[PDB]
Structures are given as structure tokens and as C-alpha cells.
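In the text below, chain A, chain B and the rest are named by the order of the sequence lines, each starting its count at 1. What you see below is based on every heavy atom in this structure, not just the backbone, and it leaves out hydrogens, waters and symmetry mates.
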Amino acid sequence: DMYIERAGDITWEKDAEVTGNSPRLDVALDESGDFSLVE
Amino acid sequence: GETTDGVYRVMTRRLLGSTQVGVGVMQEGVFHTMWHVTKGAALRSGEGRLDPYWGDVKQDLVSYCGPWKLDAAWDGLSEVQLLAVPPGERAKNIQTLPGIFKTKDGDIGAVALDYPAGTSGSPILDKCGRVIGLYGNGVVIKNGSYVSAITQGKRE
Ligand SMILES: COCC(=O)Nc1cccc(NC(C)=O)c1
Ligand SMILES: COCC(=O)Nc1cccc(NC(C)=O)c1
């Protein structure tokens with residue numbers, strides 16, 4: 001049995017940690033909703 | 001139950017202890033999560049019950065109590081924030097510039113951030129605090145890093 005618990009307000013934070021790159025990837029999406037990398 | 005707008009954890013008691021299987025967004029009385037988090041099952045909020053209303057496995061989305069309400073979209077230029085809600089950990093904002101998933105049916109934004117599976121459903125936000133999609137459906141790249149699509153539904 002699944003249940004939900006509140007974890008926060010949805011707001012933009014000015015002091016957030018900033019990280020991660022911005023890759024451009026060719027991908028395929030199958031009928032089961034799975035993405036896979038295409039090359 | 002609890003119907004206030006916000007981000008919520010999705011938990012189960014079927015595995016060891018209480019396990020966080022994902023996250024979702026309550027907005028306008030509707031709960032929004034990824035299909036793979038709940039597999040379309042009913043949910044509890046305290047003494048109340050949320051029943052599925054709309055869902056689609058290919059989009060990997062599901063709404064409860066009403067139709068999908070989130071309609072904002074990534075502008076394709078600006079940085080966004082993942083409002084990550086990891087298992088057993090405080091909600092934390094992470095700012096990043098999305099990449100792109102290029103598909104035969106068009107381009108979608110993608111966020112390259114390494115969080116555990118139970119973070120799936122966490123919202124991605126624009127500078128006005130609007131939810132532009134949910135994090136948690138994507139691909140694992142060469143070293144084991146994770147890249148999620150910015151998955152958004154359609155508001156009718
Ligand atoms: C505490 O959770 C930490 C975590 O889930 N990390 C995490 C999540 C996704 C990918 C990777 N990959 C590599 C190579 O480290 C790591
Ligand atoms: C469905 O989303 C999955 C995901 O969000 N992250 C994800 C995906 C693949 C591997 C890992 N790794 C570790 C160490 O947890 C995490």
C-alpha cells in the first residue's frame with residue numbers, strides 16, 4: 001500500500017548549488033516508455 | 001487528506017521497512033507523478049485515498065483526483081532547478097542548464113544529475129517556480145552517470 005508525505009513548497013531558491021553539464025544526446029523512445037541511446 | 005500545493009514523497013510498506021519509491025507534485029487538488037513510481041496503483045494521504053484519473057506508460061506519467069494540470073515548458077535557453085527529494089533526505093534545489101534529447105519526433109530538454117531511483121517524480125522548475133516537468137525517466141551514460149528527460153504532460 002503506497003502513501004504520500006509532504007516534503008516542501010515548490011519555489012525557485014536563489015542560493016541553490018549549481019552543477020551538471022548539458023549533453024546533446026540522440027535517443028529513441030520505445031512503446032514501454034523506455035529511452036535508449038542511439039548512435 | 002493533505003491537499004495543499006507542494007512536493008510530496010511516495011512511500012511503500014511492502015519491501016523492508018518504509019521505502020521511498022518516488023516523488024510527486026500536488027497542484028490544484030491533483031497529484032502528479034511518474035507512471036513507473038506507482039504503476040497506476042491507488043495512494044493514501046493520512047485518512048484519505050487518491051485514485052488514478054489519467055495515465056500513459058509511453059509518456060511515463062500519471063495524475064490522481066483529476067486531469068494533468070502542469071503545462072509550463074522549458075524555454076530552451078535558461079537554467080532550471082531540480083527540486084530533488086531524495087530518500088531519507090531533505091528537499092534540495094539544484095540549478096543546472098538542461099541538455100537536449102534529440103528524437104525522431106522532436107527535441108526535449110534533459111537534466112544531467114546523479115540522484116537515486118527513489119528521487120523519480122521530483123519536479124523541475126523555471127525561474128517563476130512553475131513546474132516544467134518531472135525528473136526520473138532517461139538513460140544511464142558511459143561511466144554510470146544518469147541523464148533524465150524533462151517529462152511534461154498536456155493540460156486539456
Ligand atoms: C546517495 O545517492 C547517491 C546516488 O544515487 N548516486 C548516483 C546516482 C546516479 C548515478 C550515479 N553514478 C555514479 C557513477 O556515481 C550515482
Ligand atoms: C528511474 O531513475 C533512476 C534514477 O533516477 N537514477 C539512477 C539510475 C541508474 C543508476 C543509479 N545509480 C545509483 C547509484 O543509484 C541511479
Side chain, backbone, both or neither: which part of A:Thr19 has a heavy atom under 4.5 Å from chain B? both
Top contributor to chain A interface from B:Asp126, B:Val111, B:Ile141 [non-hydrogen pairs under 4.5 Å]: B:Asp126
Under a 4.5 Å heavy-atom cutoff, which of A:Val18, A:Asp9, A:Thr11 has the most pairs with chain B? A:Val18
Please determine, among B:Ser145, B:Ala149, B:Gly6, the option with the most heavy-atom pairs under 4.5 Å with chain A. B:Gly6
May I ask you to name which of B:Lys58, B:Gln20, B:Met26 has the most heavy-atom pairs under 4.5 Å with chain A? B:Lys58
Treat each ILVMFWY residue as a node, draw an edge where side-chain heavy atoms are under 4.5 Å apart, and state whether B:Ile94 and B:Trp74 are in one component. yes
Nearest atoms (heavy-atom pairs only) where A:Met2 meets B:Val10: SD-CG1, 4.3 Å
If you take all heavy atoms of A:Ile4 and B:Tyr8, which pair is closest and at what distance? CD1-CD2, 3.9 Å
Side chain, backbone, both or neither: which part of A:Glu13 has a heavy atom under 4.5 Å from chain B? both
Hey, quick one: are B:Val30 and B:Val7 part of the same hydrophobic cluster, counting side-chain heavy atoms closer than 4.5 Å, chains of contacts allowed? no
Most heavy-atom pairs under 4.5 Å with chain A, out of B:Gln27, B:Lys92, B:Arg9, belong to B:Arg9
Looking only at heavy atoms, the pair that brings B:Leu113 and A:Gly20 closest together is CD2-CA, 4.1 Å
Please classify the contact of B:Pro123 with chain A as side chain, backbone, both or neither, using a heavy-atom distance under 4.5 Å. side chain
Applying side-chain contact (heavy atoms from CB on, under 4.5 Å), run through A:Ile10 and B:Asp5 and close with a yes or a no. CA-CA 8 Å; A:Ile10 294 176; B:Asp5 284 2; over 6 Å; no
Residue from B:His36, B:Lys127, B:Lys104 scoring the most non-hydrogen pairs under 4.5 Å with chain A is B:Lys127
Taking NZ in B:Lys102 as the centre, count heavy atoms belonging to other residues, nucleotides or ligands within less than 6.0 Å. Is the count above 12? yes
Minimum heavy-atom separation for B:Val85 and A:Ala7, please, with both atom names. CG1-CB, 3.8 Å
Could you check whether any side-chain heavy atom of B:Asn137 comes within less than 4.5 Å of a side-chain heavy atom of A:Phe35, counting everything from C-beta outward? yes
same_hphob_cluster(B:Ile132, A:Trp12) at 4.5 Å side-chain heavy-atom cutoff: no
Side-chain contact, heavy-atom cut-off 4.5 Å: A:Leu29 with B:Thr103? no
Closest non-hydrogen atom pair, B:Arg13 against A:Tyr3: NE-OH, 3.1 Å
Between B:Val23, B:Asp60, B:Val25, B:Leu83, which has the largest tally of heavy atom pairs under 4.5 Å with chain A? B:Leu83
Go through the atoms of B:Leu82 and report whether side chain, backbone, both or neither lie under 4.5 Å from a heavy atom of chain A. neither
Between B:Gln59 and chain A, with a heavy-atom cut-off of 4.5 Å, which part of the residue counts as in contact: side chain, backbone, both or neither? neither
Supply the atom-to-atom distance A:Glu5 CD to B:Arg44 CZ, rounded to the nearest 0.5 angstrom. 9.0 Å
Do B:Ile124 and B:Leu61 sit in one hydrophobic cluster, given that two such residues count as connected whenever their side-chain heavy atoms are within less than 4.5 Å of each other, even indirectly? no
Cluster overlap A:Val27 with B:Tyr146, hydrophobic side-chain contacts below 4.5 Å: no
Working to the nearest 0.5 angstrom, can you tell me the gap between A:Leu25 CG and B:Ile100 CD1? 9.5 Å
Mind checking the CG-CG spacing from B:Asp107 to A:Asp26? Nearest 0.5 Å is all I need. 9.0 Å
For A:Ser22 and B:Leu97, work out which heavy atoms get closest and say how close. CB-O, 3.3 Å
Under 4.5 Å to a heavy atom of chain B? For A:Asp30 that would be backbone
